[PDB]
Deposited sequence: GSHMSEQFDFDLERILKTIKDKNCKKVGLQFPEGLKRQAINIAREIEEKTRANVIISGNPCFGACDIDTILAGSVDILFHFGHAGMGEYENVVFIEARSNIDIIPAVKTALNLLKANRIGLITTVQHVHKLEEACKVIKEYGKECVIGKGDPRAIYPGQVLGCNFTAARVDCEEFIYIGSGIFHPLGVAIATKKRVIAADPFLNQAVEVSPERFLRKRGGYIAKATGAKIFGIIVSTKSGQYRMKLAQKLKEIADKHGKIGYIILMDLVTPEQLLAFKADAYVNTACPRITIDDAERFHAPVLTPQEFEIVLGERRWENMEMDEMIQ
């Protein structure tokens, strides 16, 4: 893709250029900056912060350069001077493509979204929202709002999320039939532990696509409506170290919902999704359990 970047800089005669990478790709940062500074007149600034997705735009860097190039993710939101360099996986998914139903849904991650159209020939792909048909995220299952499901990729969080959010069967094909019962007992365990919690830290992230302050204020009032207390804690990164310093009984995460699931055993008090918080408080019934979405 490096030639589109060079052409975009020259054609826009960019003078200052920002680069932002997911963790998996910062190993390439210095080489890409080298190519740009050698083959253009632009000066490069690399973002040095962790970056977890298109929900995590370095907007400070973006407001300092003519164009910020953000790698590894499909776009999100609308910032005038951020270009998303997608970076797709070249692997073949047709080997991976147990079913029972006649209408079968395709869902995947951004790295394979270009390959759905022909996996479909081998069926209705689900259109998303503000990106691609069939794309799901840890925080967004719109593409699954379309009888059974085949997910394409690695990891089990995405198929689980689809299975919980639509209550349909999902086959997970890496390039496995997904059981959400193991995940729901787990989340049940955290709800039980937090049932006797009296004081809650309500986590809000300033990251560009993870900020949910209005929901946090709602959650604070719902806690007080039920004779408990939540204090809003505003931060950038959400980490077990930073939550240990505040002496709360339990936490409610309104930032990235995969923090809540992935890094669960790593936190030293219970960390809850908004919806599990409501169940702990008595505002929502356990049967009305849903995936945290943004």
Legend entry - Missing segments of the deposited chain sequence, listed N- to C-terminal: 1-10, 108-112, 138-144, 153-154, 171-172, 202-206, 326-327
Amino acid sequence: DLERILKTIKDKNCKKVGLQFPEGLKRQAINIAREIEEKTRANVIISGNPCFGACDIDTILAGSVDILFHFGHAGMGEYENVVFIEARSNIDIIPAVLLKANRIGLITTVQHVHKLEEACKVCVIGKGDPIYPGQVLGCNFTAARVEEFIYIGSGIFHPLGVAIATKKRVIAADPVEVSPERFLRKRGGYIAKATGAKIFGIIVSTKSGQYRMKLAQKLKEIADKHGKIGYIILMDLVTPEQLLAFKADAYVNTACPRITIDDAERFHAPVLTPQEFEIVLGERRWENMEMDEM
From here on, numbers count along this sequence of modelled residues.
Inset, instruction - Determine, for stretches 196-204 and 134-142, which one has the higher mean CA B-factor as deposited. - result: 134-142
Inset, instruction - Between 48-56 and 257-265, name whichever shows the higher mean Cα B factor according to the PDB entry. - result: 257-265
Legend entry - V82, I222, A216, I125, ranked by C-alpha B-factor: the highest one: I125
Inset, instruction - Pick out which of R212, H158, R88, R187 has the highest C-alpha B-factor in the PDB entry. - result: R88
Inset, instruction - Please rank the C-alpha B-factors of the chain's modelled residues and tell me whether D1 sits in the lowest, middle or highest third. - result: highest
Inset, instruction - Please place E276 in the lowest, middle or highest third of its chain by C-alpha B factor as given in the entry. - result: lowest
Inset, instruction - Would you check the entry's CA temperature factor for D292 and let me know if it's in the chain's lowest, middle or highest third? - result: lowest
